[PDB]
Each structure stands twice: as C-alpha cells, then as structure tokens.
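*Asks:* For reference, the structure I am asking about is given below.
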Amino acid sequence: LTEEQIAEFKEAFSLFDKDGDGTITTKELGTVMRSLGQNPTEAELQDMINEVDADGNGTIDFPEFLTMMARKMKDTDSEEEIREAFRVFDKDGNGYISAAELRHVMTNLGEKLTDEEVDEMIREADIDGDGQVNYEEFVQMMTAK
Amino acid sequence: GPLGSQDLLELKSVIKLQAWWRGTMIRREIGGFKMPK
C-alpha cells in the first residue's frame with residue numbers, strides 16, 4: 001500500500017498502543033482491524049490471535065500487524081457483497097426482510113449475534129419503524145462516509 | 001453428506017453479515033463503542 005495508507009494503518013495501530021512501546025495486544029487486534037475496514041469472522045480473528053499467542057506472548061508489533069492485515073487481503077465492492085448476502089434471506093424476493101426474520105437468522109445460524117449486537121442492528125436497520133428492513137438502504141447508510 | 005443448496009448459502013451468507021455487522025459497530029461507534037482518544 002502507499003506511504004499515505006501505511007501512515008493511516010500506523011495512526012490506527014498507534015492509537016491502541018497504550019504506552020507507545022510499538023506494540024498492541026491481542027485484545028485490541030479485532031478492533032484495530034475493524035476500524036480500518038476489515039471484517040474478520042470470529043473464527044478468523046481467533047486464528048490471528050492464536051498466531052500471535054503461538055509464542056506465549058500476546059503483543060503485536062507494527063510489521064506483524066501489517067503482515068496480518070495484508071495476508072489473503074481480498075478487495076471487492078463491499079456494499080454489493082453485503083447486499084448480496086442479505087438478498088439470500090429475502091424470501092419473497094422484494095428488497096425487504098422483516099425485522100423479526102432478520103433477528104431470527106442472525107441469532108440462530110452461523111456466528112450468532114448476541115442480544116446486544118442484534119438489538120443494535122434492528123434499531124439501525126428498520127428506519128421507517130415498520131417491522132421491515134429495506135436492506136439496500138440499510139447497507140447504504142452503514143457504508144456512508 | 002453436504003448441506004442443501006439454500007442451507008449452505010445461508011450459512012456462508014449469515015456469517016458475512018455477522019462479521020460485517022461487528023465491523024460496522026466499531027467503525028460507526030454504535031452500541032456504546034468509542035475509539036480511544
């Protein structure tokens with residue numbers, strides 16, 4: 001990545017480096033990567049943590065962090081990828097999913113969301129307050145700068 | 001044997017949504033999360 005970009009990863013990394021020793025820890029890794037646009041799964045995050053912990057020390061320096069950020073990095077049109085994933089659950093194929101159904105699948109399949117996590121999703125997704133989620137508009141709003 | 005088509009698609013797709021939602025709450029400071037100063 002560009003010098004400007006790496007400076008951006010470094011700025012983020014350094015924000016979570018509590019005492020300026022040039023390391024963060026496994027307890028900050030997910031948050032830093034997310035803050036920079038990554039969406040690791042829970043299993044992926046745990047495996048990156050396991051990599052760090054392989055030597056029984058839980059700290060991560062900047063080159064190690066860049067290595068983990070870059071590894072199998074896969075660019076796409078992210079908003080579209082997410083819209084497509086929602087479309088899988090659009091059972092009547094109409095651009096909408098009910099708030100109840102979205103809550104159900106998000107908490108009963110896969111890396112299930114906690115009640116706190118899904119409560120926020122539904123609060124953000126149903127902007128017309130009508131029990132329905134227009135997922136294209138939801139993803140647009142969540143991707144805005 | 002394998003999952004059926006829709007069940008496999010749903011498994012793959014819900015995990016994408018979960019991971020994206022967890023990332024989104026950090027980026028947008030939703031649900032109590034705030035970046036360090």
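Following the order of the structure tokens, chains are lettered A, B, ..., residues in each are numbered from 1, and ligands are numbered from 1.
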Could you work out which residues of chain A fall inside 6 Å of chain B? Count only C-alpha atoms, and format the result as an MDAnalysis selection string.
*Replies:* chainID A and resid 34:35 39 41 85 110:111
*Asks:* According to DSSP computed on the backbone, where in chain B is there helix (DSSP H, G or I)? Give the residues as a list in words.
*Replies:*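 Filtering chain B to helix (DSSP H, G or I) leaves residues 5, 6, 7, 8, 9, 10, 11, 12, 13, 14, 15, 16, 17, 18, 19, 20, 21, 22, 23, 24, 25, 26 and 27 of chain B.
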*Asks:* Write the selection just made, keeping C-alpha atoms, as a PDB file, in the first residue's frame?
*Replies:*
```pdb
ATOM      1  CA  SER B   5     -28.081 -25.502  -1.565  1.00  0.00           C
ATOM      2  CA  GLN B   6     -30.031 -22.934   0.428  1.00  0.00           C
ATOM      3  CA  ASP B   7     -28.732 -24.030   3.814  1.00  0.00           C
ATOM      4  CA  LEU B   8     -25.113 -23.829   2.612  1.00  0.00           C
ATOM      5  CA  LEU B   9     -25.763 -20.423   1.051  1.00  0.00           C
ATOM      6  CA  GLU B  10     -27.419 -19.218   4.256  1.00  0.00           C
ATOM      7  CA  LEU B  11     -24.547 -20.408   6.437  1.00  0.00           C
ATOM      8  CA  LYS B  12     -21.960 -18.634   4.241  1.00  0.00           C
ATOM      9  CA  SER B  13     -24.107 -15.522   3.916  1.00  0.00           C
ATOM     10  CA  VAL B  14     -25.152 -15.067   7.540  1.00  0.00           C
ATOM     11  CA  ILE B  15     -21.502 -15.225   8.625  1.00  0.00           C
ATOM     12  CA  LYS B  16     -20.647 -12.476   6.114  1.00  0.00           C
ATOM     13  CA  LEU B  17     -23.426 -10.351   7.639  1.00  0.00           C
ATOM     14  CA  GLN B  18     -22.403 -11.076  11.217  1.00  0.00           C
ATOM     15  CA  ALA B  19     -18.779 -10.228  10.540  1.00  0.00           C
ATOM     16  CA  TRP B  20     -19.720  -7.082   8.646  1.00  0.00           C
ATOM     17  CA  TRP B  21     -22.100  -6.002  11.393  1.00  0.00           C
ATOM     18  CA  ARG B  22     -19.419  -6.464  14.072  1.00  0.00           C
ATOM     19  CA  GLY B  23     -17.018  -4.397  11.946  1.00  0.00           C
ATOM     20  CA  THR B  24     -19.693  -1.759  11.327  1.00  0.00           C
ATOM     21  CA  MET B  25     -20.366  -1.180  15.009  1.00  0.00           C
ATOM     22  CA  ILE B  26     -16.655  -0.365  15.549  1.00  0.00           C
ATOM     23  CA  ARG B  27     -16.390   1.929  12.511  1.00  0.00           C
TER      24      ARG B  27
END
```
*Asks:* Mind checking which residues fall within 9 Å of residue 127 in chain A, counting only C-alpha atoms, ignoring those fewer than 6 positions away in the same chain, and posting them as a ChimeraX atom specification?
*Replies:* /A:133-134,138
*Asks:* Calculate how many Å separate CA of residue 62 in chain A from CA of residue 9 in chain A, rounding to one decimal.
*Replies:*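 Distance reported for this atom pair: 9.0 Å.
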*Asks:* Using only C-alpha atoms, which residue out of A:79, A:130, A:116, A:84 lies closest to residue 100 in chain A?
*Replies:*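 For residue 100 in chain A, the nearest of the candidates is A:130.
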